[PDB]
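Chemist: Got a structure here, written out as structure tokens. Questions coming.
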Amino acid sequence: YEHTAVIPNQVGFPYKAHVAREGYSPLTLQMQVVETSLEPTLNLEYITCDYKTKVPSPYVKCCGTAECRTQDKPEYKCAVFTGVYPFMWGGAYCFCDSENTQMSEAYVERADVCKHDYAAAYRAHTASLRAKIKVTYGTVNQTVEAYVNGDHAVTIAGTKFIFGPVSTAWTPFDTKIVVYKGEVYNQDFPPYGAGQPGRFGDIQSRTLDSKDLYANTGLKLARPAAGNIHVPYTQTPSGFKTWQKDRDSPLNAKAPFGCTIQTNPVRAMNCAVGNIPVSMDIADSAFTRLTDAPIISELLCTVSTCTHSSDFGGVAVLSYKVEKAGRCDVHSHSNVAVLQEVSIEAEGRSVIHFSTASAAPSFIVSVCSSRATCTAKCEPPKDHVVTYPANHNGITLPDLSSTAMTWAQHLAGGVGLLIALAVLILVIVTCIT
Amino acid sequence: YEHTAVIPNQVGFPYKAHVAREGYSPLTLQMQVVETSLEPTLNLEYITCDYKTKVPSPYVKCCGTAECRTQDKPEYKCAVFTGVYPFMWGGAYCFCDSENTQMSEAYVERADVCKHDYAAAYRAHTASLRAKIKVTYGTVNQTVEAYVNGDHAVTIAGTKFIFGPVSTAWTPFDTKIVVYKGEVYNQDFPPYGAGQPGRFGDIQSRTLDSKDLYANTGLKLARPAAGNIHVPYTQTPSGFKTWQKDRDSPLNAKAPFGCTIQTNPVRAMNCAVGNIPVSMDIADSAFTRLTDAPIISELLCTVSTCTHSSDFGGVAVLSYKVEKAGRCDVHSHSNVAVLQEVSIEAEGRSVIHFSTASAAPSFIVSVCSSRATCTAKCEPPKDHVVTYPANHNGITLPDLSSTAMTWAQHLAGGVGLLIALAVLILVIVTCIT
Amino acid sequence: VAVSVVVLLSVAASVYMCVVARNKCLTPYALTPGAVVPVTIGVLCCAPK
Ligand SMILES: *[C@@H]1O[C@H](CO)[C@@H](O[C@@H]2O[C@H](CO)[C@@H](O[C@@H]3O[C@H](CO[C@H]4O[C@H](CO)[C@@H](O)[C@H](O)[C@@H]4O)[C@@H](O)[C@H](O[C@H]4O[C@H](CO)[C@@H](O)[C@H](O)[C@@H]4O)[C@@H]3O)[C@H](O)[C@H]2NC(C)=O)[C@H](O)[C@H]1NC(C)=O
Ligand SMILES: *[C@@H]1O[C@H](CO)[C@@H](O[C@@H]2O[C@H](CO)[C@@H](O[C@@H]3O[C@H](CO)[C@@H](O)[C@H](O)[C@@H]3O)[C@H](O)[C@H]2NC(C)=O)[C@H](O)[C@H]1NC(C)=O
Ligand SMILES: *[C@@H]1O[C@H](CO)[C@@H](O[C@@H]2O[C@H](CO)[C@@H](O)[C@H](O)[C@H]2NC(C)=O)[C@H](O)[C@H]1NC(C)=O
């Protein structure tokens, strides 16, 4: 049997879909989702960590010079200076007054200790959901898990459920994602040329194994001082260990719709983004043949009390006269409330729990191809806040039954009588002429 | 200095960039494109392979019956049969003629070669172009490798180069393609759970190791005939091999723009569409001081013969005077023609080779801060077909050139003067009012 | 509040229609000096006849 539905994507909200199928007692299905993770795809641009200035030993000579033979390393600057009188532990160094020469160099490598504490920069594209439902109907309720718009149509108990397609793929992601140890951020990372040092992404690498990191670290040498031996270098601080301070604002905080963010892989689960369309090819076996399910007649329902609560406010009891002992599914044919349960051991009395939103629960409640009207006034609650979501999601304000708009129903009145009769009296001198 | 240019995205077309940077010796530069790999981002769901109907030896007995297990396996089929009395290698097997009962069972497991060939249903998306081009400005002849999305841009020879992003985000692909040993097929696939037997996708699995797998191979087993011990079973054959012999349309014979397909990873190559933005951060060191520039007075031009060809058909010698010689440059100041080399050797007179497609070009000249015109008529070539593409990307037919347009210039039409005479004789009709 | 203002304009339109009916029923007794007006005296306050 082919039948579809449109359910909302909210964790824990129990949704009902009622099926009026021929030659069998009517059927009720219930479904609710829990882990609706939007696992996005991903891409890569580069990586970034701290650095280490690999300075070698210094080189001197006694009245003989040298030059900088090149060395294909990253940031291999070098220079050579004169006018040096280098003291040591044993005092003086050599005998050549003002002809001695100094040799030094510097070059920076991706520091080894960042192999396990790194930051990654990603571009990102469209996402795809993963719904995980309990399907809660007359056969021992099973759990299903699916990609919502792969249309990959998992099956349970002889029945083939397809899902989706999901609308607009609304994502809490920009297009320039950056990821740290257990967090994510939205930034504008520099496009593989670090036009500014002392920033984030100051040094880069295509992966953890690429053999050539790129650094615009801004490192120039200096001149050695008078007397002592050392190597003076002045370069900017590490842009990484100074970027880790000014993060201040994860996507974990400013995420809309409450999506919890996780890493390895990046994923956003339990989002209240829109809703889900579903279609069912329902197995013909799991029904019941209507000669066996009892046909209860001569019924009119009642009510007890109503509430604009959230959990389950209104309770309404029903009276019906049995003819054979059995069971039957129940349903409400409108959106103005939902029901706590699915079936009833239908022997005479029946207590059910509904949840109205605002003003007037006009009801059509069904029991095995029997309709019954129901209305009830309400008493609004007294509390302010609760610690759990709502179960009356079908928010509907208005109605018309015996209390709402009734003053308008008496207010309309008047005018037309006056004008019509007044003109049909006007004619009595203006139809003879 | 910074400048921006465009370039047509094909192979072979030499492009010239003639920056007009006053106060210096002028400069043109050449870029030529030697690859365009266009890769999309793969996202697979399942694979395929021929199965193997693996069946164990059948359980036999007389003189009593048995039952069956149905453990967790792919498509566990089994049934017992009442009255199976066989023969054997010699004589018989039981003497319980009305109680000879035989059980049989078989299931489906992926074949041995399923570790070696498949068809991945790739849901690929969001292609991203690449390039391997070479640039030559003054003392440079070196090549470069560039991504063309707006991000990656580094350097060559101490100058900064940036390529892209693209003009029109077009792919020569679809959304839901399939791969094979070396090919690509732009077709649909079953939805991973609608594997109707015999067609494509009769068995599938998320990867090579998803230890549970879908199958709808219509397998059913019947009862054997008397005497011989065996087991019969019927199902449609392994539809993968049927799909092998009716492929009938690869992408390497149908893809547009001649952009050929390769795999591992799945990419396209040499796409002849669109243009590329490009921005240059060019350093000073390539330039030359206008003090040391070749000074050239009284520049003229002329032509010898034109060939309206594909190759560099036009030869135009160039008359120019001299007062001090050096290394000069040359460039065309329209889109109509193109020039062969980027420089001359300044000695008295030069020869250049220019190329066009319109038989009456007026590319003016540009030579070392001296611009002067020369126009030429042309003549179609004796040949019909060639074995190299065009080198004249400015295929712009209508030039004015005062050669065929001069007749339209001789469509002047002083009959407007005649109309003016008509209005004036109307006026002198009116002057006797 | 818009319901309030549309009720006000509608009742004003009704009174306008009613008084215009009264005027178009009464005005043709303006001339003909002897103004002998019948038991329709429920309107048309008595002028010097
Ligand atoms: C505390 O614990 C965490 C969790 O284990 C550690 O984090 C990981 O460190 C390991 C060891 O390096 C990482 O494993 C390596 O990942 C490399 C690349 O990342 C990709 O692959 C992983 C799965 O492996 C994906 O999850 C991820 O998204 C990427 O797709 C792999 O390339 C490495 O594989 C190796 O073998 C191949 C083949 O021989 C080699 O070519 C590789 O070079 C490499 O040797 C390996 O899988 C793991 O990714 C890390 N997890 C993260 C960062 O989340 C921490 O390191 C640990 N703490 C400390 C201090 O070490
Ligand atoms: C099928 O539907 C029934 C509803 O009739 C589901 O039942 C309820 O199931 C949960 C667990 O799934 C029960 O939970 C926990 O039980 C422990 C004791 O084992 C208790 O200490 C916890 O506080 C909690 O109650 C729960 O009791 C049970 N009943 C009610 C009234 O909530 C059932 O889970 C569905 N699925 C299956 C496979 O049966
Ligand atoms: C740029 O310089 C290179 C060599 O420095 C020139 O050469 C190519 O040389 C390699 C040598 O292995 C050959 O394999 C190629 O076939 C050569 N290519 C060509 C087109 O000749 C190259 O020609 C120079 N570029 C110019 C002159 O434009």
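Starting from 1 in every chain, residues are counted up; chains themselves are A, B, ... following the order of the structure tokens, and ligands are numbered from 1 as listed.
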I need the contact residues of chain A against chain B, so if you could list those with any atom within 9 Å, counting only C-alpha atoms, and return them as JSON, numbers by chain, that would help.

Modeler: {"A": [41, 43, 45, 125, 150, 151, 152, 153, 154, 155, 160, 190, 191, 192, 193]}

Chemist: Those residues with N, CA, C and O atoms, as an mmCIF file, in the first residue's frame please?

Modeler:
data_model
loop_
_atom_site.group_PDB
_atom_site.id
_atom_site.type_symbol
_atom_site.label_atom_id
_atom_site.label_comp_id
_atom_site.auth_asym_id
_atom_site.auth_seq_id
_atom_site.Cartn_x
_atom_site.Cartn_y
_atom_site.Cartn_z
ATOM 1 N N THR A 41 29.797 17.581 3.703
ATOM 2 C CA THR A 41 31.027 17.191 3.029
ATOM 3 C C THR A 41 32.134 18.141 3.474
ATOM 4 O O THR A 41 31.939 18.991 4.345
ATOM 5 N N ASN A 43 36.475 19.705 2.365
ATOM 6 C CA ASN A 43 37.538 19.910 1.388
ATOM 7 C C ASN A 43 38.748 20.388 2.172
ATOM 8 O O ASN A 43 38.675 20.516 3.390
ATOM 9 N N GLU A 45 42.325 23.136 2.265
ATOM 10 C CA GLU A 45 43.164 24.148 1.650
ATOM 11 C C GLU A 45 44.590 24.081 2.163
ATOM 12 O O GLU A 45 45.513 23.918 1.359
ATOM 13 N N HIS A 125 31.108 22.359 1.319
ATOM 14 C CA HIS A 125 29.987 22.298 0.393
ATOM 15 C C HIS A 125 28.788 21.644 1.081
ATOM 16 O O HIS A 125 28.793 21.442 2.299
ATOM 17 N N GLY A 150 19.384 10.608 0.423
ATOM 18 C CA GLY A 150 19.948 9.634 -0.487
ATOM 19 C C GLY A 150 18.891 8.806 -1.178
ATOM 20 O O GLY A 150 19.195 8.105 -2.148
ATOM 21 N N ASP A 151 17.649 8.902 -0.696
ATOM 22 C CA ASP A 151 16.521 8.109 -1.169
ATOM 23 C C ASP A 151 16.869 6.626 -1.150
ATOM 24 O O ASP A 151 16.560 5.882 -2.080
ATOM 25 N N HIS A 152 17.531 6.191 -0.082
ATOM 26 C CA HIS A 152 18.104 4.859 -0.060
ATOM 27 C C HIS A 152 17.244 3.862 0.696
ATOM 28 O O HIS A 152 17.671 2.726 0.901
ATOM 29 N N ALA A 153 16.074 4.287 1.168
ATOM 30 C CA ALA A 153 14.879 3.448 1.247
ATOM 31 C C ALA A 153 15.118 2.157 2.037
ATOM 32 O O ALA A 153 15.082 1.054 1.497
ATOM 33 N N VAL A 154 15.384 2.320 3.331
ATOM 34 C CA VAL A 154 15.569 1.143 4.168
ATOM 35 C C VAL A 154 14.222 0.441 4.359
ATOM 36 O O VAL A 154 13.149 1.028 4.188
ATOM 37 N N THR A 155 14.286 -0.840 4.713
ATOM 38 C CA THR A 155 13.113 -1.681 4.887
ATOM 39 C C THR A 155 13.090 -2.268 6.286
ATOM 40 O O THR A 155 14.141 -2.529 6.874
ATOM 41 N N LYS A 160 8.715 -0.976 3.063
ATOM 42 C CA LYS A 160 9.812 -0.224 2.462
ATOM 43 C C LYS A 160 9.577 1.265 2.680
ATOM 44 O O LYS A 160 8.713 1.866 2.034
ATOM 45 N N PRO A 190 43.769 33.399 5.175
ATOM 46 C CA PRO A 190 44.515 34.030 4.083
ATOM 47 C C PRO A 190 44.785 33.051 2.956
ATOM 48 O O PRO A 190 45.226 31.915 3.190
ATOM 49 N N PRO A 191 44.563 33.471 1.726
ATOM 50 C CA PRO A 191 44.536 32.576 0.552
ATOM 51 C C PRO A 191 45.920 32.117 0.111
ATOM 52 O O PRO A 191 46.443 32.506 -0.932
ATOM 53 N N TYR A 192 46.564 31.321 0.958
ATOM 54 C CA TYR A 192 47.804 30.594 0.691
ATOM 55 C C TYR A 192 49.006 31.508 0.496
ATOM 56 O O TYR A 192 50.125 31.007 0.337
ATOM 57 N N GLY A 193 48.819 32.822 0.499
ATOM 58 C CA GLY A 193 49.924 33.749 0.581
ATOM 59 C C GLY A 193 49.720 34.615 1.798
ATOM 60 O O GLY A 193 48.793 35.426 1.833
#

Chemist: Check the DSSP output for the backbone and give back, as a ChimeraX atom specification, the residues of segment 167-302 of chain B in alpha helix (DSSP H).

Modeler: /B:239-244

Chemist: Write the residues of the selection above to a file with N, CA, C and O atoms, as a tab-separated table (two decimals), in the first residue's frame.

Modeler:
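Just written: selection.tsv:
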chain	number	residue	atom	x	y	z
B	239	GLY	N	23.25	-9.96	-13.05
B	239	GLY	CA	22.96	-8.89	-14.00
B	239	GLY	C	24.12	-7.95	-14.25
B	239	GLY	O	24.08	-7.19	-15.23
B	240	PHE	N	25.14	-7.98	-13.39
B	240	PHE	CA	26.32	-7.14	-13.61
B	240	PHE	C	26.98	-7.46	-14.94
B	240	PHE	O	27.29	-6.57	-15.73
B	241	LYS	N	27.16	-8.75	-15.22
B	241	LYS	CA	27.77	-9.15	-16.48
B	241	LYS	C	26.87	-8.83	-17.66
B	241	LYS	O	27.37	-8.57	-18.77
B	242	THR	N	25.55	-8.82	-17.45
B	242	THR	CA	24.65	-8.39	-18.51
B	242	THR	C	24.82	-6.91	-18.81
B	242	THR	O	24.78	-6.49	-19.97
B	243	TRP	N	24.99	-6.10	-17.76
B	243	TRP	CA	25.25	-4.68	-17.94
B	243	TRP	C	26.63	-4.43	-18.54
B	243	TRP	O	26.85	-3.36	-19.11
B	244	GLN	N	27.55	-5.38	-18.40
B	244	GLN	CA	28.86	-5.21	-19.00
B	244	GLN	C	28.77	-5.13	-20.52
B	244	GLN	O	29.48	-4.34	-21.15

Chemist: Please find the residues contacting ligand 1 at a distance of at most 8 Å between atoms, with only C-alpha atoms and all ligand atoms counted, and report them as a PyMOL selection string.

Modeler: chain A and resi 115-118+181+208-209+263-265

Chemist: Using only C-alpha atoms and all ligand atoms, find each protein or nucleic acid residue lying at most 9 Å from ligand 3; present the set as a list in words.

Modeler: residues 134, 136, 140, 141, 142 and 143 of chain B

Chemist: Please, could you write that set of residues out with N, CA and C atoms as a PDB file, in the first residue's frame?

Modeler:
ATOM      1  N   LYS B 134      52.998  28.434 -18.400  1.00  0.00           N
ATOM      2  CA  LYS B 134      54.353  28.959 -18.378  1.00  0.00           C
ATOM      3  C   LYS B 134      54.322  30.427 -18.768  1.00  0.00           C
ATOM      4  N   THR B 136      56.625  34.000 -19.609  1.00  0.00           N
ATOM      5  CA  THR B 136      57.933  34.529 -19.968  1.00  0.00           C
ATOM      6  C   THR B 136      57.836  36.054 -20.072  1.00  0.00           C
ATOM      7  N   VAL B 140      62.960  35.945 -17.936  1.00  0.00           N
ATOM      8  CA  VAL B 140      62.251  34.789 -17.383  1.00  0.00           C
ATOM      9  C   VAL B 140      61.750  33.922 -18.530  1.00  0.00           C
ATOM     10  N   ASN B 141      61.872  32.599 -18.369  1.00  0.00           N
ATOM     11  CA  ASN B 141      61.323  31.634 -19.315  1.00  0.00           C
ATOM     12  C   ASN B 141      60.712  30.441 -18.561  1.00  0.00           C
ATOM     13  N   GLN B 142      60.359  30.611 -17.293  1.00  0.00           N
ATOM     14  CA  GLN B 142      60.030  29.492 -16.423  1.00  0.00           C
ATOM     15  C   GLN B 142      58.523  29.269 -16.332  1.00  0.00           C
ATOM     16  N   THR B 143      58.157  28.030 -16.005  1.00  0.00           N
ATOM     17  CA  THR B 143      56.778  27.570 -15.918  1.00  0.00           C
ATOM     18  C   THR B 143      56.280  27.634 -14.477  1.00  0.00           C
TER      19      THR B 143
END

Chemist: Would you tabulate, counting only C-alpha atoms and all ligand atoms, all residues of chain A that have an atom at most 12 Å from an atom of ligand 2, showing the closest pair of atoms and their distance in Å to one decimal, sorted by chain then ascending number, as CSV?

Modeler:
residue,atom,partner,partner_atom_place_in_ligand_line,distance
A:14,CA,ligand 2,4 (C),11.9
A:30,CA,ligand 2,2 (O),10.2
A:31,CA,ligand 2,2 (O),10.9
A:32,CA,ligand 2,35 (C),11.6
A:133,CA,ligand 2,36 (N),11.3
A:134,CA,ligand 2,36 (N),7.8
A:135,CA,ligand 2,1 (C),8.9
A:136,CA,ligand 2,1 (C),6.1
A:137,CA,ligand 2,1 (C),8.3
A:138,CA,ligand 2,1 (C),9.6
A:139,CA,ligand 2,1 (C),9.4
A:140,CA,ligand 2,39 (O),6.4
A:141,CA,ligand 2,1 (C),5.0
A:142,CA,ligand 2,38 (C),6.0
A:143,CA,ligand 2,38 (C),7.8
A:144,CA,ligand 2,38 (C),11.6
A:340,CA,ligand 2,4 (C),10.8
A:341,CA,ligand 2,5 (O),8.8
A:342,CA,ligand 2,5 (O),9.7
A:343,CA,ligand 2,5 (O),10.7

Chemist: Using only C-alpha atoms and a distance of at most 12 Å, pull out the residues of chain C that contact chain A, as a PyMOL selection string.

Modeler: chain C and resi 3-4+6-29

Chemist: Go ahead and write the selection's residues with N, CA and C atoms as a short mmCIF file (atom, residue, chain, number, x, y, z; two decimals), in the first residue's frame.

Modeler:
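This is the output file part27.cif:
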data_model
loop_
_atom_site.label_atom_id
_atom_site.label_comp_id
_atom_site.auth_asym_id
_atom_site.auth_seq_id
_atom_site.Cartn_x
_atom_site.Cartn_y
_atom_site.Cartn_z
N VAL C 3 -11.41 46.78 13.48
CA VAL C 3 -12.81 46.38 13.60
C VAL C 3 -13.63 47.51 14.19
N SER C 4 -13.09 48.17 15.21
CA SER C 4 -13.80 49.30 15.81
C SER C 4 -14.03 50.41 14.78
N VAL C 6 -14.04 50.22 11.47
CA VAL C 6 -14.91 49.86 10.36
C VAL C 6 -16.35 49.79 10.83
N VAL C 7 -16.58 49.42 12.10
CA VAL C 7 -17.92 49.49 12.66
C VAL C 7 -18.40 50.93 12.69
N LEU C 8 -17.52 51.85 13.08
CA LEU C 8 -17.89 53.26 13.11
C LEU C 8 -18.25 53.78 11.72
N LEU C 9 -17.41 53.49 10.72
CA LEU C 9 -17.70 53.99 9.38
C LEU C 9 -18.94 53.34 8.78
N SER C 10 -19.20 52.07 9.10
CA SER C 10 -20.37 51.39 8.55
C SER C 10 -21.66 51.91 9.16
N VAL C 11 -21.67 52.15 10.48
CA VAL C 11 -22.88 52.69 11.07
C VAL C 11 -23.10 54.13 10.60
N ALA C 12 -22.02 54.89 10.37
CA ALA C 12 -22.18 56.23 9.82
C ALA C 12 -22.75 56.18 8.40
N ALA C 13 -22.30 55.21 7.60
CA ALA C 13 -22.84 55.06 6.25
C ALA C 13 -24.32 54.69 6.29
N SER C 14 -24.71 53.87 7.27
CA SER C 14 -26.12 53.51 7.39
C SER C 14 -26.97 54.72 7.73
N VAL C 15 -26.52 55.53 8.69
CA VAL C 15 -27.28 56.73 9.03
C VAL C 15 -27.32 57.69 7.85
N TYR C 16 -26.24 57.76 7.07
CA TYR C 16 -26.25 58.60 5.88
C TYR C 16 -27.31 58.14 4.89
N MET C 17 -27.35 56.84 4.60
CA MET C 17 -28.35 56.32 3.68
C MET C 17 -29.76 56.59 4.18
N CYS C 18 -29.98 56.46 5.49
CA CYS C 18 -31.32 56.66 6.03
C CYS C 18 -31.75 58.13 5.94
N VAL C 19 -30.85 59.06 6.26
CA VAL C 19 -31.25 60.46 6.18
C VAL C 19 -31.40 60.90 4.73
N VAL C 20 -30.63 60.31 3.80
CA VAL C 20 -30.81 60.65 2.39
C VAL C 20 -32.14 60.12 1.88
N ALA C 21 -32.55 58.93 2.33
CA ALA C 21 -33.88 58.44 2.00
C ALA C 21 -34.95 59.38 2.53
N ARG C 22 -34.80 59.84 3.78
CA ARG C 22 -35.78 60.77 4.34
C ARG C 22 -35.84 62.06 3.54
N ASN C 23 -34.69 62.58 3.12
CA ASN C 23 -34.67 63.82 2.36
C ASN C 23 -35.32 63.63 0.99
N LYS C 24 -34.99 62.55 0.29
CA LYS C 24 -35.60 62.30 -1.01
C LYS C 24 -37.07 61.91 -0.90
N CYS C 25 -37.56 61.61 0.30
CA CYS C 25 -38.98 61.41 0.51
C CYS C 25 -39.68 62.67 0.98
N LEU C 26 -38.94 63.66 1.48
CA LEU C 26 -39.55 64.83 2.10
C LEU C 26 -39.48 66.09 1.26
N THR C 27 -38.35 66.33 0.61
CA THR C 27 -38.07 67.50 -0.23
C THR C 27 -39.16 67.83 -1.26
N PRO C 28 -39.91 66.85 -1.83
CA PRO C 28 -40.97 67.24 -2.78
C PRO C 28 -42.20 67.87 -2.15
N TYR C 29 -42.12 68.29 -0.89
CA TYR C 29 -43.15 69.11 -0.28
C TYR C 29 -42.63 70.51 0.04
#

Chemist: Rounded to one decimal place, report the atom CA of residue 338 of chain B-atom CA of residue 12 of chain B distance in Å.

Modeler: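 Going from atom CA of residue 338 of chain B over to atom CA of residue 12 of chain B covers 13.0 Å.
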